$ cat data_12.csv   # CSV, C-alpha atoms and all ligand atoms
chain,number,residue,atom,x,y,z
F,1,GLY,CA,14.0,67.5,-71.5
F,2,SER,CA,17.0,65.0,-71.4
F,3,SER,CA,16.9,61.7,-69.3
F,4,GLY,CA,18.2,61.6,-65.7
F,5,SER,CA,20.6,59.0,-64.1
F,6,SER,CA,19.5,55.2,-64.1
F,7,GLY,CA,20.5,51.8,-62.7
F,8,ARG,CA,18.7,48.4,-62.2
F,9,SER,CA,18.8,44.9,-60.6
F,10,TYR,CA,17.8,41.6,-62.3
F,11,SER,CA,16.1,38.2,-61.5
F,12,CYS,CA,16.5,34.8,-63.2
F,13,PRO,CA,13.6,33.9,-65.6
F,14,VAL,CA,14.1,30.1,-64.7
F,15,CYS,CA,15.0,30.0,-60.9
F,16,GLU,CA,14.2,33.6,-59.6
F,17,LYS,CA,17.7,34.2,-58.1
F,18,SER,CA,18.6,38.0,-57.8
F,19,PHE,CA,21.6,39.6,-59.7
F,20,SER,CA,23.2,43.1,-59.5
F,21,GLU,CA,24.4,43.4,-63.2
F,22,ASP,CA,23.2,42.5,-66.8
F,23,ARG,CA,26.5,40.5,-67.5
F,24,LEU,CA,26.0,38.4,-64.3
F,25,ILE,CA,22.4,37.2,-65.0
F,26,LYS,CA,23.5,36.5,-68.7
F,27,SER,CA,26.5,34.5,-67.4
F,28,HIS,CA,24.0,32.6,-65.1
F,29,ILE,CA,21.6,31.9,-68.0
F,30,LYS,CA,24.5,30.7,-70.2
F,31,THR,CA,25.9,28.3,-67.5
F,32,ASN,CA,22.8,27.0,-65.7
F,33,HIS,CA,19.9,27.5,-68.3
F,34,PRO,CA,21.5,27.3,-71.8
F,35,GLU,CA,18.5,25.4,-73.5
F,36,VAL,CA,16.2,28.1,-72.0
F,37,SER,CA,18.1,31.2,-73.4
F,101,ZN,ZN,18.5,30.7,-62.8
$ encode --input "data_12.csv" --output "structure tokens" --more "lines below"
Ligand SMILES: [Zn+2]
Amino acid sequence: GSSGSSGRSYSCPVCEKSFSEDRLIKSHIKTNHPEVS
């Protein structure tokens, strides 16, 4: 059968801060942790 509905939250790989969207954690990694991306 076909897949159901989905949605997820995220946590920083460097400082463990929570985020609600993939674009927001990527913006945080780019601004606060660029040498760790
Ligand atoms: Zn972080």
$ residues_near_ligand --input "data_12.csv" --ligand "ligand ZN 101 (chain F)" --cutoff "6 Å" --atoms "all atoms listed in the file" --output "list in words"
residues 12, 14, 15 and 17 of chain F
$ atom_distance --input "data_12.csv" --atom1 "CA of residue 24 (chain F)" --atom2 "CA of residue 10 (chain F)"
9.0 Å
$ residues_around --input "data_12.csv" --residues "residue 28 (chain F)" --least-positions-apart "5" --cutoff "12 Å" --atoms "all atoms listed in the file" --output "MDAnalysis selection string"
chainID F and resid 10:23 33:34 36:37
$ axis_aligned_box --input "data_12.csv" --around "region 6-19 of chain F" --padding-each-side "6 Å" --output "JSON"
{"center_x": 17.6, "center_y": 42.6, "center_z": -61.7, "size_x": 20.0, "size_y": 37.2, "size_z": 19.8}
